[PDB]
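Student: how would this look folded up:
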Amino acid sequence: XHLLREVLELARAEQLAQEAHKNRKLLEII
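Tutor: Residues are numbered from 1 along each chain as shown. Pasting the structure now:
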């Protein structure tokens, strides 16, 4: 259905695009 897809997509990519930008940092320590 509509809306839900946008919502699940809102959490998608972003959660990683932002986490990758952070994970890439913690990767120096870990």
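Student: So which residues of the protein form helices?
Tutor: Ranges of helices in the chain, per DSSP state H, are 4-11, 14-29.
Student: Turn the ones you listed into TSV, including mean neighbour count.
Tutor: From N, CA and C alone the C-beta is placed, and that goes for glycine too. Conversion of the helices of the chain to TSV gives the following (neighbours: other CB atoms under 10 Å):
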stretch	mean neighbour count
helix 4-11	9
helix 14-29	9
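Student: gap between residue 20 and residue 5?
Tutor: Separation of residue 20 from residue 5 (CB to CB, to the nearest Å) stands at 22 Å.
Student: before we move on, what about residue 17?
Tutor: Residue 17 is 18 Å from residue 5, by CB to CB.
Student: go on, residue 12?
Tutor: Using CB to CB, residue 12 is found at 10 Å from residue 5.
Student: OK, contacts around the residue nearest the centre of the chain?
Tutor: The central residue of the chain, meaning the one whose C-alpha is nearest the mean C-alpha position (CA atoms, centre = their mean), is residue 15 at 1.7 Å. For residue 15, the set of contacting residues under the criterion of CB atoms under 8 Å, 6 or more residues apart in numbering is empty.
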